[PDB]
file structure_19.pdb (PDB, C-alpha atoms and all ligand atoms)
ATOM      1  CA  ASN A   4      -0.682  -8.141  13.590
ATOM      2  CA  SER A   5      -0.653 -11.975  13.123
ATOM      3  CA  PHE A   6       1.292 -12.005   9.780
ATOM      4  CA  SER A   7       2.028 -15.543   8.518
ATOM      5  CA  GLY A   8       3.992 -16.978   5.595
ATOM      6  CA  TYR A   9       5.954 -13.831   4.722
ATOM      7  CA  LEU A  10       9.514 -13.837   3.480
ATOM      8  CA  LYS A  11      11.763 -11.444   5.429
ATOM      9  CA  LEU A  12      13.810  -9.279   3.022
ATOM     10  CA  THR A  13      15.390  -6.828   5.502
ATOM     11  CA  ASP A  14      15.039  -6.266   9.229
ATOM     12  CA  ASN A  15      11.912  -4.133   8.565
ATOM     13  CA  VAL A  16      10.495  -5.302   5.130
ATOM     14  CA  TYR A  17       8.546  -8.589   4.555
ATOM     15  CA  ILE A  18       6.723  -9.864   1.433
ATOM     16  CA  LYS A  19       4.012 -12.375   0.539
ATOM     17  CA  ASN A  20       2.136 -13.532  -2.551
ATOM     18  CA  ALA A  21      -1.398 -12.656  -1.423
ATOM     19  CA  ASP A  22      -4.471 -10.474  -1.910
ATOM     20  CA  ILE A  23      -4.160  -7.513   0.546
ATOM     21  CA  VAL A  24      -7.924  -7.894   1.305
ATOM     22  CA  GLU A  25      -7.476 -11.552   2.324
ATOM     23  CA  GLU A  26      -4.470 -10.567   4.443
ATOM     24  CA  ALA A  27      -6.364  -7.776   6.201
ATOM     25  CA  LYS A  28      -9.027 -10.402   7.234
ATOM     26  CA  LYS A  29      -6.350 -12.969   8.365
ATOM     27  CA  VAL A  30      -4.054 -10.529  10.153
ATOM     28  CA  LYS A  31      -6.257  -7.852  11.694
ATOM     29  CA  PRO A  32      -3.507  -5.220  11.260
ATOM     30  CA  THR A  33      -3.299  -1.935  13.139
ATOM     31  CA  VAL A  34      -2.836  -0.190   9.730
ATOM     32  CA  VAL A  35      -3.717  -1.222   6.156
ATOM     33  CA  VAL A  36      -2.405   0.987   3.385
ATOM     34  CA  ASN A  37      -4.625   1.893   0.414
ATOM     35  CA  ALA A  38      -3.044   2.696  -2.962
ATOM     36  CA  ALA A  39      -5.349   5.806  -3.260
ATOM     37  CA  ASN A  40      -5.792   8.642  -5.747
ATOM     38  CA  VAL A  41      -6.015  12.332  -4.773
ATOM     39  CA  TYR A  42      -9.844  12.432  -4.583
ATOM     40  CA  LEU A  43     -10.091   9.095  -2.768
ATOM     41  CA  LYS A  44     -12.307   7.615  -5.484
ATOM     42  CA  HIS A  45     -11.884   3.847  -5.009
ATOM     43  CA  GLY A  46     -12.971   2.833  -8.495
ATOM     44  CA  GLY A  47     -10.924  -0.312  -9.158
ATOM     45  CA  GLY A  48      -7.739  -2.216  -8.431
ATOM     46  CA  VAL A  49      -6.413  -2.309  -4.851
ATOM     47  CA  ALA A  50      -8.584   0.635  -3.698
ATOM     48  CA  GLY A  51     -11.765  -0.833  -5.234
ATOM     49  CA  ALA A  52     -11.042  -4.213  -3.586
ATOM     50  CA  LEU A  53     -10.464  -2.697  -0.113
ATOM     51  CA  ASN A  54     -13.634  -0.522  -0.495
ATOM     52  CA  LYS A  55     -15.767  -3.500  -1.574
ATOM     53  CA  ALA A  56     -14.588  -5.453   1.459
ATOM     54  CA  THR A  57     -15.990  -2.634   3.650
ATOM     55  CA  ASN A  58     -19.366  -2.769   1.740
ATOM     56  CA  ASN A  59     -18.747   0.802   0.514
ATOM     57  CA  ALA A  60     -18.320   2.308   4.021
ATOM     58  CA  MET A  61     -14.746   3.413   3.044
ATOM     59  CA  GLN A  62     -16.027   5.364   0.009
ATOM     60  CA  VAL A  63     -18.732   7.217   2.020
ATOM     61  CA  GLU A  64     -16.177   8.184   4.717
ATOM     62  CA  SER A  65     -13.648   9.197   2.001
ATOM     63  CA  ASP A  66     -16.194  11.504   0.243
ATOM     64  CA  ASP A  67     -16.921  13.205   3.599
ATOM     65  CA  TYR A  68     -13.157  13.725   4.259
ATOM     66  CA  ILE A  69     -12.654  15.268   0.771
ATOM     67  CA  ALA A  70     -15.634  17.593   1.297
ATOM     68  CA  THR A  71     -14.103  19.089   4.441
ATOM     69  CA  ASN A  72     -10.377  18.893   3.605
ATOM     70  CA  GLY A  73     -10.038  18.954  -0.152
ATOM     71  CA  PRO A  74      -7.979  16.457  -2.227
ATOM     72  CA  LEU A  75      -4.648  14.987  -1.234
ATOM     73  CA  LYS A  76      -1.409  15.847  -3.070
ATOM     74  CA  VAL A  77       0.531  13.206  -5.033
ATOM     75  CA  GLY A  78       3.028  11.736  -2.534
ATOM     76  CA  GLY A  79       0.730  12.596   0.433
ATOM     77  CA  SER A  80      -1.620  10.648   2.671
ATOM     78  CA  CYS A  81      -4.412  10.749   5.209
ATOM     79  CA  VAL A  82      -5.468   8.451   8.093
ATOM     80  CA  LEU A  83      -9.093   7.278   8.078
ATOM     81  CA  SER A  84     -10.970   4.330   9.621
ATOM     82  CA  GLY A  85      -9.876   0.804   8.866
ATOM     83  CA  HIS A  86     -13.542  -0.391   9.154
ATOM     84  CA  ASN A  87     -13.626  -4.224   9.355
ATOM     85  CA  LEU A  88     -10.144  -4.543   7.833
ATOM     86  CA  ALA A  89      -7.843  -2.788  10.260
ATOM     87  CA  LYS A  90      -7.835  -0.190  13.097
ATOM     88  CA  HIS A  91      -6.827   2.526  10.554
ATOM     89  CA  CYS A  92      -6.508   2.842   6.804
ATOM     90  CA  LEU A  93      -3.569   4.994   5.639
ATOM     91  CA  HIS A  94      -4.607   6.278   2.200
ATOM     92  CA  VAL A  95      -1.314   6.949   0.286
ATOM     93  CA  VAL A  96      -1.112   8.538  -3.171
ATOM     94  CA  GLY A  97       1.819   7.206  -5.205
ATOM     95  CA  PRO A  98       2.558   8.793  -8.606
ATOM     96  CA  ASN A  99       0.676   7.490 -11.608
ATOM     97  CA  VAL A 100       3.449   7.371 -14.235
ATOM     98  CA  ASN A 101       0.928   6.360 -16.912
ATOM     99  CA  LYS A 102      -0.762   9.773 -16.308
ATOM    100  CA  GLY A 103       2.485  11.839 -16.368
ATOM    101  CA  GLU A 104       3.209  12.135 -12.629
ATOM    102  CA  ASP A 105       6.853  12.198 -11.470
ATOM    103  CA  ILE A 106       8.326   8.868 -10.356
ATOM    104  CA  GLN A 107      10.481  10.786  -7.819
ATOM    105  CA  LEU A 108       7.287  11.278  -5.734
ATOM    106  CA  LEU A 109       7.354   7.523  -4.930
ATOM    107  CA  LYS A 110       9.933   8.291  -2.190
ATOM    108  CA  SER A 111       7.546  10.862  -0.637
ATOM    109  CA  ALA A 112       4.685   8.326  -0.906
ATOM    110  CA  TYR A 113       6.648   5.597   1.031
ATOM    111  CA  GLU A 114       7.815   8.205   3.600
ATOM    112  CA  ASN A 115       4.165   8.338   4.863
ATOM    113  CA  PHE A 116       4.584   4.765   6.137
ATOM    114  CA  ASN A 117       7.137   5.970   8.724
ATOM    115  CA  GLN A 118       4.441   7.521  10.955
ATOM    116  CA  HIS A 119       3.083   4.022  11.779
ATOM    117  CA  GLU A 120       4.971   1.272  13.631
ATOM    118  CA  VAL A 121       3.459  -1.709  11.683
ATOM    119  CA  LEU A 122       1.663  -1.717   8.266
ATOM    120  CA  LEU A 123       0.104  -4.114   5.803
ATOM    121  CA  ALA A 124       0.629  -2.508   2.365
ATOM    122  CA  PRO A 125       0.518  -2.987  -1.409
ATOM    123  CA  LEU A 126       3.465  -2.246  -3.739
ATOM    124  CA  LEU A 127       2.950   1.471  -4.411
ATOM    125  CA  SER A 128       2.513   2.754  -8.004
ATOM    126  CA  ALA A 129       2.661  -0.770  -9.507
ATOM    127  CA  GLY A 130      -0.078  -2.291 -11.773
ATOM    128  CA  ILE A 131      -1.930   0.322 -13.816
ATOM    129  CA  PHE A 132      -0.095   3.220 -12.099
ATOM    130  CA  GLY A 133       2.809   2.215 -14.411
ATOM    131  CA  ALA A 134       5.910   2.311 -12.162
ATOM    132  CA  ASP A 135       8.463  -0.469 -12.571
ATOM    133  CA  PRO A 136       7.578  -2.832  -9.666
ATOM    134  CA  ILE A 137      11.240  -3.823  -9.072
ATOM    135  CA  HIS A 138      12.053  -0.074  -8.670
ATOM    136  CA  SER A 139       9.036   0.350  -6.295
ATOM    137  CA  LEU A 140      10.387  -2.430  -4.034
ATOM    138  CA  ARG A 141      13.859  -0.812  -3.991
ATOM    139  CA  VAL A 142      12.335   2.558  -2.956
ATOM    140  CA  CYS A 143      10.280   0.782  -0.241
ATOM    141  CA  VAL A 144      13.378  -0.959   1.199
ATOM    142  CA  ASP A 145      15.460   2.265   1.104
ATOM    143  CA  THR A 146      12.759   4.541   2.506
ATOM    144  CA  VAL A 147      10.571   2.734   5.024
ATOM    145  CA  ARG A 148      12.081   2.388   8.513
ATOM    146  CA  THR A 149       9.014   1.063  10.347
ATOM    147  CA  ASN A 150       7.791  -2.532   9.934
ATOM    148  CA  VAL A 151       6.088  -3.145   6.570
ATOM    149  CA  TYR A 152       4.413  -6.329   5.322
ATOM    150  CA  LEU A 153       3.923  -6.165   1.562
ATOM    151  CA  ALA A 154       1.127  -8.216  -0.017
ATOM    152  CA  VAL A 155       1.565  -8.669  -3.796
ATOM    153  CA  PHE A 156      -1.370 -10.446  -5.449
ATOM    154  CA  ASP A 157       0.498 -12.178  -8.309
ATOM    155  CA  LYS A 158       2.846 -15.131  -7.936
ATOM    156  CA  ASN A 159       4.751 -14.291 -11.156
ATOM    157  CA  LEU A 160       5.533 -10.772  -9.915
ATOM    158  CA  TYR A 161       6.269 -12.000  -6.366
ATOM    159  CA  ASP A 162       8.891 -14.411  -7.765
ATOM    160  CA  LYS A 163      10.494 -11.708  -9.926
ATOM    161  CA  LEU A 164      10.618  -9.271  -6.965
ATOM    162  CA  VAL A 165      12.245 -11.834  -4.586
ATOM    163  CA  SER A 166      14.775 -12.871  -7.279
ATOM    164  CA  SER A 167      15.627  -9.173  -7.901
ATOM    165  CA  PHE A 168      16.116  -8.446  -4.142
ATOM    166  CA  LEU A 169      18.380 -11.490  -3.657
ATOM    167  CA  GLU A 170      20.713 -10.698  -6.580
TER     168      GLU A 170
HETATM  169  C1  LIG A 201       0.846  -5.379  -9.080
HETATM  170  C2  LIG A 201      -0.504  -5.979  -8.702
HETATM  171  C3  LIG A 201      -0.415  -7.519  -8.598
HETATM  172  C4  LIG A 201      -1.049  -5.379  -7.382
HETATM  173  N1  LIG A 201      -2.357  -5.952  -7.070
HETATM  174  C5  LIG A 201      -2.811  -6.259  -5.819
HETATM  175  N2  LIG A 201      -1.914  -6.381  -4.804
HETATM  176  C6  LIG A 201      -2.382  -6.777  -3.611
HETATM  177  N3  LIG A 201      -3.629  -7.101  -3.264
HETATM  178  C7  LIG A 201      -4.506  -6.933  -4.278
HETATM  179  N4  LIG A 201      -5.869  -7.076  -4.199
HETATM  180  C8  LIG A 201      -6.398  -6.798  -5.443
HETATM  181  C9  LIG A 201      -5.403  -6.473  -6.314
HETATM  182  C10 LIG A 201      -4.180  -6.538  -5.577
HETATM  183  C11 LIG A 201      -1.096  -3.862  -7.397
HETATM  184  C12 LIG A 201      -0.281  -3.098  -6.569
HETATM  185  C13 LIG A 201      -0.348  -1.715  -6.578
HETATM  186  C14 LIG A 201      -1.246  -1.022  -7.381
HETATM  187  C15 LIG A 201      -2.103  -1.806  -8.178
HETATM  188  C16 LIG A 201      -2.005  -3.196  -8.212
HETATM  189  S1  LIG A 201      -3.387  -1.084  -9.109
HETATM  190  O1  LIG A 201      -4.611  -1.307  -8.390
HETATM  191  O2  LIG A 201      -3.320  -1.593 -10.455
HETATM  192  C17 LIG A 201      -3.008   0.630  -9.144
HETATM  193  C18 LIG A 201      -2.622   1.088  -7.749
HETATM  194  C19 LIG A 201      -1.267   0.496  -7.334
END

call {"tool": "encode", "arguments": {"input": "structure_19.pdb", "output": "C-alpha cells", "more": "lines below"}}
Ligand SMILES: CC(C)[C@H](Nc1ncnc2[nH]ccc12)c1ccc2c(c1)S(=O)(=O)CCC2
result
Amino acid sequence: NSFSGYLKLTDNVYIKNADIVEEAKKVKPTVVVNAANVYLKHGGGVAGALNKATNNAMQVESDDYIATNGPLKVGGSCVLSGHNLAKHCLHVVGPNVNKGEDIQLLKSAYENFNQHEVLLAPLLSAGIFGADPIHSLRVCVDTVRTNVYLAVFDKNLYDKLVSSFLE
C-alpha cells in the first residue's frame, strides 16, 4: 500500500491523476477495484485495461465465477484474485446511466468499498457509464468510510474534480 503523490481530500479519500493499472504496479495494493459489469465481461475501458495487465487471467477466472454463481446485480460486487496487480480484486458494478440504470445505485456501489480497509479504485460510473464525475466523487466522499485512493486517468478531469471539492 505504498501510495505516492496523492492529494488528500478528506481523512479517508485521496486522489491522483494516474492510470489505475500503473498505480496497481507501483503500489502493490491489498485491493484494486474494477469498474465491472454484471457478467464480468472486461471488454474495454478500466476493466479491459486491468484484464490486459493480467494477460487475460482475470477474464478466465471471472467466467468461471459467473458459471457457478450467476451475474452480479447493479450496485453489487464480488471478491476475486488480484493476480499480479493486487492481493484481491473487488469487482464493483456501478450503474450505467447511458443504458438506463438508476443513478441512485451509485451509493450502493460505493458501499461495497466499506468491507475493505484500504483500496485503490477508479471513479465509479464515470466515462462511458455516463454519470456526472463531480457527482460520483461527492457520493464517494459521503459513502466510503474506509481508506480509498482514487486514480483518475485524465489530468483535465482530475483538475475539475479537485476544484469542485475545494469550493
Ligand atoms: C473518467 C476516465 C478518465 C476513467 N478512466 C480511467 N481511470 C483510471 N485508470 C484508467 N485506466 C484506463 C482508463 C482509466 C474512467 C473511470 C471510470 C469508468 C471509466 C473510465 S469507463 O471505463 O469508461 C466505464 C467504467 C467506469

call {"tool": "closest_atom_pairs", "arguments": {"input": "structure_19.pdb", "of": "chain A", "to": "ligand LIG 201 (chain A)", "cutoff": "6 Å", "atoms": "all atoms listed in the file", "output": "CSV"}}
result
residue,atom,partner,partner_atom,distance
A:22,CA,A:LIG201,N3,3.7
A:23,CA,A:LIG201,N3,3.9
A:24,CA,A:LIG201,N4,5.9
A:38,CA,A:LIG201,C18,5.1
A:48,CA,A:LIG201,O1,3.3
A:49,CA,A:LIG201,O1,4.1
A:52,CA,A:LIG201,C8,5.6
A:125,CA,A:LIG201,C12,5.2
A:126,CA,A:LIG201,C12,4.8
A:127,CA,A:LIG201,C13,5.1
A:128,CA,A:LIG201,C19,4.5
A:129,CA,A:LIG201,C13,4.3
A:130,CA,A:LIG201,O2,3.6
A:131,CA,A:LIG201,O2,4.1
A:132,CA,A:LIG201,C17,4.9
A:154,CA,A:LIG201,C6,5.2
A:155,CA,A:LIG201,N2,4.3
A:156,CA,A:LIG201,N2,4.2
A:157,CA,A:LIG201,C3,4.8

call {"tool": "resolve_selection", "arguments": {"input": "structure_19.pdb", "expression": "the PyMOL selection byres (((chain A and resi 122) around 7) and not hetatm)", "output": "list in words"}}
result
residues 32, 33, 34, 35, 36, 119, 120, 121, 123, 124, 150, 151 and 152 of chain A

call {"tool": "write_last_selection", "arguments": {"input": "structure_19.pdb", "atoms": "C-alpha atoms", "output": "short mmCIF file (atom, residue, chain, number, x, y, z; two decimals), in the coordinates of the input"}}
result
data_model
loop_
_atom_site.label_atom_id
_atom_site.label_comp_id
_atom_site.auth_asym_id
_atom_site.auth_seq_id
_atom_site.Cartn_x
_atom_site.Cartn_y
_atom_site.Cartn_z
CA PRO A 32 -3.51 -5.22 11.26
CA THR A 33 -3.30 -1.94 13.14
CA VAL A 34 -2.84 -0.19 9.73
CA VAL A 35 -3.72 -1.22 6.16
CA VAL A 36 -2.40 0.99 3.38
CA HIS A 119 3.08 4.02 11.78
CA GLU A 120 4.97 1.27 13.63
CA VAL A 121 3.46 -1.71 11.68
CA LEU A 123 0.10 -4.11 5.80
CA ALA A 124 0.63 -2.51 2.37
CA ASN A 150 7.79 -2.53 9.93
CA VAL A 151 6.09 -3.14 6.57
CA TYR A 152 4.41 -6.33 5.32
#

call {"tool": "axis_aligned_box", "arguments": {"input": "structure_19.pdb", "around": "range 8-25 of chain A", "padding_each_side": "4 Å", "output": "lines of an AutoDock Vina configuration file"}}
result
center_x = 3.7
center_y = -10.6
center_z = 3.3
size_x = 31.3
size_y = 20.8
size_z = 19.8

call {"tool": "atom_distance", "arguments": {"input": "structure_19.pdb", "atom1": "CA of residue 30 in chain A", "atom2": "CA of residue 4 in chain A"}}
result
5.4 Å

call {"tool": "atom_distance", "arguments": {"input": "structure_19.pdb", "atom1": "CA of residue 82 in chain A", "atom2": "CA of residue 164 in chain A"}}
result
28.3 Å

call {"tool": "atom_distance", "arguments": {"input": "structure_19.pdb", "atom1": "CA of residue 16 in chain A", "atom2": "CA of residue 40 in chain A"}}
result
24.0 Å

call {"tool": "closest_residue", "arguments": {"input": "structure_19.pdb", "among": "A:169, A:153, A:27, A:134", "to": "residue 56 in chain A", "atoms": "all atoms listed in the file"}}
result
A:27

call {"tool": "resolve_selection", "arguments": {"input": "structure_19.pdb", "expression": "the PyMOL selection byres (((chain A and resi 65) around 10) and not hetatm)", "output": "JSON, numbers by chain"}}
result
{"A": [42, 43, 44, 45, 59, 60, 61, 62, 63, 64, 66, 67, 68, 69, 70, 81, 83, 84, 94]}

call {"tool": "closest_residue", "arguments": {"input": "structure_19.pdb", "among": "A:6, A:116, A:17, A:168", "to": "residue 37 in chain A", "atoms": "all atoms listed in the file"}}
result
A:116

call {"tool": "closest_residue", "arguments": {"input": "structure_19.pdb", "among": "A:137, A:160, A:21, A:143", "to": "residue 97 in chain A", "atoms": "all atoms listed in the file"}}
result
A:143

call {"tool": "residues_around", "arguments": {"input": "structure_19.pdb", "residues": "residue 77 in chain A", "least_positions_apart": "5", "cutoff": "7 Å", "atoms": "all atoms listed in the file", "output": "VMD selection string"}}
result
chain A and resid 41 96 to 98

call {"tool": "closest_residue", "arguments": {"input": "structure_19.pdb", "among": "A:99, A:146, A:71, A:167", "to": "residue 113 in chain A", "atoms": "all atoms listed in the file"}}
result
A:146

call {"tool": "resolve_selection", "arguments": {"input": "structure_19.pdb", "expression": "the PyMOL selection byres (((chain A and resi 114) around 9) and not hetatm)", "output": "list in words"}}
result
residues 78, 79, 109, 110, 111, 112, 113, 115, 116, 117, 118, 143, 146, 147 and 148 of chain A

call {"tool": "write_last_selection", "arguments": {"input": "structure_19.pdb", "atoms": "C-alpha atoms", "output": "PDB file, in the coordinates of the input"}}
result
ATOM      1  CA  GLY A  78       3.028  11.736  -2.534  1.00  0.00           C
ATOM      2  CA  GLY A  79       0.730  12.596   0.433  1.00  0.00           C
ATOM      3  CA  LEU A 109       7.354   7.523  -4.930  1.00  0.00           C
ATOM      4  CA  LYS A 110       9.933   8.291  -2.190  1.00  0.00           C
ATOM      5  CA  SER A 111       7.546  10.862  -0.637  1.00  0.00           C
ATOM      6  CA  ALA A 112       4.685   8.326  -0.906  1.00  0.00           C
ATOM      7  CA  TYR A 113       6.648   5.597   1.031  1.00  0.00           C
ATOM      8  CA  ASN A 115       4.165   8.338   4.863  1.00  0.00           C
ATOM      9  CA  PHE A 116       4.584   4.765   6.137  1.00  0.00           C
ATOM     10  CA  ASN A 117       7.137   5.970   8.724  1.00  0.00           C
ATOM     11  CA  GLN A 118       4.441   7.521  10.955  1.00  0.00           C
ATOM     12  CA  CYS A 143      10.280   0.782  -0.241  1.00  0.00           C
ATOM     13  CA  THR A 146      12.759   4.541   2.506  1.00  0.00           C
ATOM     14  CA  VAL A 147      10.571   2.734   5.024  1.00  0.00           C
ATOM     15  CA  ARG A 148      12.081   2.388   8.513  1.00  0.00           C
TER      16      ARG A 148
END

call {"tool": "closest_residue", "arguments": {"input": "structure_19.pdb", "among": "A:161, A:51, A:166, A:106", "to": "residue 9 in chain A", "atoms": "only C-alpha atoms"}}
result
A:161

call {"tool": "closest_residue", "arguments": {"input": "structure_19.pdb", "among": "A:104, A:162, A:25, A:14", "to": "residue 136 in chain A", "atoms": "all atoms listed in the file"}}
result
A:162
